[PDB]
Colleague: 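Let me begin by handing over the structure; questions about it come next.
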Amino acid sequence: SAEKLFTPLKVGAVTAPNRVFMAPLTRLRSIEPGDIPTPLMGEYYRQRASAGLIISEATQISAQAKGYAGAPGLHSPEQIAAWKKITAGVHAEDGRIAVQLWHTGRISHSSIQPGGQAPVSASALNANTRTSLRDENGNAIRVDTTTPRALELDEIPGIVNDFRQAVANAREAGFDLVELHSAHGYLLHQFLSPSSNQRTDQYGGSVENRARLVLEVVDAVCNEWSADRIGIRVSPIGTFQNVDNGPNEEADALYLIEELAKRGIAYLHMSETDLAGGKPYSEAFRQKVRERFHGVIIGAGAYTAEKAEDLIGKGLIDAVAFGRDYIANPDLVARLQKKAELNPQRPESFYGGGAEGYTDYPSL
Ligand SMILES: Cc1cc2nc3c(=O)[nH]c(=O)nc-3n(C[C@H](O)[C@H](O)[C@H](O)COP(=O)(O)O)c2cc1C
Ligand SMILES: CC(=O)[C@H]1CC[C@H]2[C@@H]3CCC4=CC(=O)CC[C@]4(C)[C@H]3CC[C@]12C
């Protein structure tokens, strides 16, 4: 019955009854205008409430933070009230839910920015990737990213404050935890990576400078709420949507994790590979990470149940977040526990659209 995946784990302020977590999954089904979570999104999360922990789809800390049409926010009264219904649904089913908070920075498009203006980043370099907009019929469509404007020095306190306010908002909205999105090429990662950061002020150059913004954010949100409410997702090894981690990625990663550990936060979520591939982590590196962080460590990235049991049993990580298996299997915990087959995935309905391919996938 898989030896440890179905055992409890204390995760900061809450207790997970198992180690099968639901990874954050952008599904781009919110209401526009307003970027408002929907009853349908509430149903989808409720279906998945047996997860050890649900991590929400990435959610905007501000309107500026928006980079995808259909991604929800957590900055407006309308958004807060909608999220309250979703977390109540999950709690009604005895689940736990964390909100993943992002600023997309240069992975964005001017047509969805305030005033229709260019999006912001550490430097004025195009992301050279695609984001998702909606066409005149409300259907998801790919679009090249807009070239960003470099944040001015005196704009950085505002960014930190947006993260702080969004965490305040998450508390009022009834989330159990927050997850800072410091991975996959979005704004915090844009500062972290030399490839996307050519600043010559104290937010660029050395690893200390590059990690300055994310650590400022971590301190602000710990002070706003509590360290045992804060998780962070990083992707510090490999390349993610054209953003790599520099020529000293392993040393820089360990620096960051040591700094994070100083804040005593609830967890560290390691996204190990991009959807395209990535070189696998070495056991030695996992050991170096493990010895530097004293909260929960969550592993993610094309994990199998077997891999998750291997590494939890090795004491290298405490939980695993599954993404696409959770899209297709609301009761993934029960399936894994019973070694039942999984529903087939339907990737064409991962983004945008409605119930089909969303609340679609049956339970046992
Ligand atoms: C449709 C889709 C949406 C995603 N959305 C997010 C997101 O909002 N935040 C994030 O950190 N990662 C995101 N990802 C990465 C997932 O959280 C997960 O780390 C990659 O799915 C995990 O692997 P697996 O799906 O093979 O289990 C997404 C991946 C897919 C396929
Ligand atoms: C190349 C393309 O279609 C884009 C449009 C939507 C984007 C996905 C949007 C959600 C997302 C958030 C993440 O944190 C990891 C990258 C992903 C998973 C994105 C990868 C690139 C995709 C799939």
Side-chain angles (χ1 to χ4, degrees), residues 20-30 37 41 44-45 48 51 53-61 65-74 98-105 107-109 112 127-134 139-145 178-190 231-243 267-278 280 298-308 317 319-329 332 336 342 345-353 357-358 361:
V20 182
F21 294 4
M22 174 174 175
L25 295 156
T26 288
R27 303 297 304 275
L28 306 183
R29 286 171 165 77
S30 311
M41 287 162 65
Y44 161 83
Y45 282 114
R48 289 157 178 76
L53 173 67
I54 294 175
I55 305 166
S56 83
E57 68 202 272
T59 296
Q60 281 93 76
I61 66 174
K66 185 179 180 178
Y68 300 79
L74 190 41
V99 56
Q100 188 188 57
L101 293 177
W102 59 4
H103 191 306
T104 54
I107 305 285
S108 187
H109 183 93
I112 48 181
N128 297 322
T129 192
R130 258 56 50 176
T131 183
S132 181
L133 309 189
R134 301 226 242 214
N139 298 317
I141 59 158
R142 267 91 62 191
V143 79
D144 291 349
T145 49
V178 170
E179 181 177 281
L180 299 167
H181 198 336
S182 194
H184 301 167
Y186 298 114
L187 186 69
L188 297 175
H189 199 201
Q190 293 157 33
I232 183 167
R233 196 179 214 199
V234 296
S235 60
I237 296 297
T239 301
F240 301 82
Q241 318 200 76
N242 304 338
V243 307
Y267 76 70
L268 179 71
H269 190 169
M270 303 283 282
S271 183
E272 297 175 17
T273 42
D274 122 271
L275 281 179
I298 309 162
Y303 273 62
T304 55
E306 293 73 19
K307 184 188 159 146
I317 65 180
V320 49
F322 299 101
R324 289 163 289 187
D325 288 332
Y326 249 116
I327 292 185
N329 302 274
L332 182 64
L336 291 182
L342 299 189
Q345 296 163 15
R346 286 169 285 149
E348 57 261 72
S349 40
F350 287 178
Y351 308 104
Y358 193 53
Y361 290 94

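Throughout, residue positions are numbered sequentially from 1 according to the sequence presented. Order of listing sets the numbers, starting from 1, for every ligand and every atom in it.
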Colleague: Check whether the side chains of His184 and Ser271 place a donor and an acceptor atom closer than 3.5 Å, and report yes or no.
Modeller: yes

Colleague: Any side-chain heavy atom of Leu342 within less than 4.5 Å of one from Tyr361?
Modeller: no

Colleague: Quick one: look up the protein heavy atom nearest atom 29 (C) of ligand 1 and list residue, atom name and how far away it is.
Modeller: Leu25 CD2, 4.0 Å

Colleague: Check whether any side-chain heavy atom of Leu101 sits under 4.5 Å from a side-chain heavy atom of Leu74, and report yes or no.
Modeller: yes

Colleague: Enumerate the atoms of ligand 1 whose separation from the nearest heavy atom of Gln100 is less than 4.0 angstrom.
Modeller: 7 (C), 8 (O), 9 (N), 10 (C), 11 (O)

Colleague: Measure the distance from atom 8 (O) of ligand 1 to every protein heavy atom, then report the residue, atom name and distance (to 0.1 Å) of the closest one.
Modeller: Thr26 OG1, 2.7 Å

Colleague: Which parts of the protein, at residue level, reach under 4.0 Å of ligand 2 through a heavy atom?
Modeller: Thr26, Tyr68, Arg142, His181, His184, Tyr186, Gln241, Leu275, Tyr351

Colleague: Distance alone, cut at 3.5 Å: any donor-acceptor contact between the side chains of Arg27 and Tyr44?
Modeller: yes

Colleague: Return the set of residues passing side chain to side chain donor-acceptor pair (under 3.5 Å) with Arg346 (not counting sequence neighbours), or none when no residue passes.
Modeller: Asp360

Colleague: Quick one: look at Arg27 and ligand 1, take heavy-atom pairs under 4.0 Å, and tell me if it's side chain, backbone, both or neither.
Modeller: neither

Colleague: Taking side chain as C-beta onward, heavy atoms only, is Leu187 less than 4.5 Å from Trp102?
Modeller: no

Colleague: What protein heavy atom lies closest to atom 1 (C) of ligand 1? Include the residue and the distance to one decimal.
Modeller: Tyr351 OH, 2.8 Å

Colleague: Does any N or O atom in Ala58 lie less than 3.5 angstrom from one in ligand 1, N or O only?
Modeller: yes

Colleague: Return the closest protein heavy atom for atom 21 (O) of ligand 1 as residue, atom name and distance.
Modeller: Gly323 CA, 4.0 Å

Colleague: With respect to atom 26 (O) of ligand 1, which of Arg233, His181, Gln345, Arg324 exhibits the smallest heavy-atom separation?
Modeller: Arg324

Colleague: In the structure I gave you, are the side-chain heavy atoms of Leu275 and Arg324 within less than 4.5 Å of one another anywhere?
Modeller: yes

Colleague: Which residue holds the protein heavy atom closest to atom 6 (C) of ligand 1, what is that atom called, and what is the gap in Å?
Modeller: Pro24 O, 3.0 Å

Colleague: If we only consider heavy atoms of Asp325, is any one of them less than 4.0 Å away from an atom in ligand 1?
Modeller: no

Colleague: Answer yes or no: is there a side-chain heavy-atom contact under 4.5 Å between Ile55 and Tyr267?
Modeller: yes

Colleague: What protein heavy atom sits nearest atom 20 (C) of ligand 1, and how far away is it?
Modeller: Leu275 CD2, 4.3 Å

Colleague: side-chain contact (heavy atoms from CB on, under 4.5 Å) with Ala321: which residues, sequence neighbours excluded?
Modeller: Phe21, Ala23, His269, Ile298, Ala300

Colleague: Has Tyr326 got any heavy atom lying under 4.0 angstrom from an atom of ligand 1?
Modeller: no

Colleague: Relative to the heavy atoms of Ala23, which atoms of ligand 1 are at a distance of less than 4.0 Å?
Modeller: 17 (O)

Colleague: Would you call the rings of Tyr186 and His181 parallel, tilted or perpendicular, where under 30° means parallel and over 60° means perpendicular?
Modeller: perpendicular

Colleague: Quick test: of every protein heavy atom, which one is nearest to atom 23 (O) of ligand 1, and how far off is it to 0.1 Å?
Modeller: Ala302 N, 3.3 Å

Colleague: Are any of the side-chain heavy atoms of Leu25 and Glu57 separated by less than 4.5 Å?
Modeller: no

Colleague: Among residues at least two apart in sequence or on other chains, which ones pass side-chain contact (heavy atoms from CB on, under 4.5 Å) with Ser132?
Modeller: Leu28, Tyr68, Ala140

Colleague: I want to check something: taking the side chain as every heavy atom from C-beta on, are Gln345 and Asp325 in contact at a cut-off of under 4.5 Å?
Modeller: yes

Colleague: What part of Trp102 sits under 4.0 Å from ligand 1 if we count only heavy atoms: the side chain, the backbone, both or neither?
Modeller: neither

Colleague: Would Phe350 count as being in polar contact with ligand 1, using the rule that some N or O on each side must be under 3.5 angstrom apart?
Modeller: no

Colleague: If you look at every heavy atom in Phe240 and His189, which pair is closest and at what distance?
Modeller: CD1-CE1, 4.4 Å

